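Q: Respectively, the protein sequence lines represent chains B and A. Position one of the first sequence corresponds to residue 236 (the deposited numbering), numbered consecutively onward. Position one of the second sequence corresponds to residue 233 (the deposited numbering), numbered consecutively onward.
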Amino acid sequence: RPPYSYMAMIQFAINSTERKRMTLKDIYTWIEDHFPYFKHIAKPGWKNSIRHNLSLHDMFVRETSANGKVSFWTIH
Amino acid sequence: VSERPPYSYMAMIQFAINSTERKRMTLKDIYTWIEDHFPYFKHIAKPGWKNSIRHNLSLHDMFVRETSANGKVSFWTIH
DNA sequence: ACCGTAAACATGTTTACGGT
DNA sequence: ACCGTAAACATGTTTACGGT
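Below, the structure is given as structure tokens:
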């Protein structure tokens with residue numbers, strides 16, 4: 236287990252992007268890649284904890300692309 | 233009167249979306265607009281019609297979505 | 001091809017509880 | 001006080017089928 240909260244590990248991913256925005260599936264991939272704990276050990280429930288933290292903490296606001304066909308997560 | 237209205241789902245959605253000042257509407261306000269302007273969906277239809285409306289929104293490409301600045305409200309808009 | 005219906009899966013919103 | 005974890009509900013994305 237990594238010594239970071241979900242809110243912490245999520246913002247790490249979003250801050251790692253060029254356009255200060257990240258898709259949910261790209262948040263999973265970033266956490267799986269940068270913390271091998273979630274790729275090999277954690278039960279599939281950790282993706283539920285990720286969605287739970289995003290909607291709850293107000294720092295995570297979403298925004299839609301110009302094409303209006305992709306919904307991103309960004310920090311305020 | 234509440235007999236079925238002669239409009240497709242895509243049609244009744246555009247009526248709702250275009251009836252706003254900013255050509256935009258939240259999903260719950262689309263249900264409410266169709267329920268209020270066509271009592272068929274308020275008194276008769278089984279809960280599946282809300283599944284078909286969402287189905288129409290995602291499938292037809294003319295229905296694109298837009299988010300508020302507060303990032304806490306998701307709208308449906310036409311381009 | 002088009003519309004309507006159903007259902008599975010992905011994603012976003014909430015309440016709820018035990019433990020760090 | 002609040003995280004971590006679970007589950008129910010709302011919303012968005014898809015494939016699949018029968019009928020006109």
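Virtual Cβ for every residue (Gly too), placed ideally from N, Cα, C.
Compare the C-beta of residue 252/B against all C-beta atoms of chain A and say whether one is closer than 8 Å.
A: No, no contact with chain A.
Q: What residues of chain A sit near residue 297/B, judged by a beta carbon separation below 7 Å?
A: Within 7 Å Cβ-Cβ: 299, 303.
Q: Just reading off the alpha helix (DSSP H) that residue 290/B is part of, what are its end residues?
A: It spans 281-291 - the alpha helix (DSSP H) in which residue 290/B sits, taken as one unbroken run.
Q: Secondary structure at residue 257/A, three-state DSSP: helix, strand or coil?
A: Strand.
Q: Alpha carbons only, please: which of 308/A, 307/A, 303/A, 281/A is nearest the one belonging to residue 256/B?
A: It is 303/A whose Cα lies nearest to the Cα of residue 256/B.
Q: Enumerate in chain order the residues of its own chain whose CB-to-CB distance from residue 265/B is below 6 Å, with the five nearest sequence positions on each side excluded.
A: The residues are 248.
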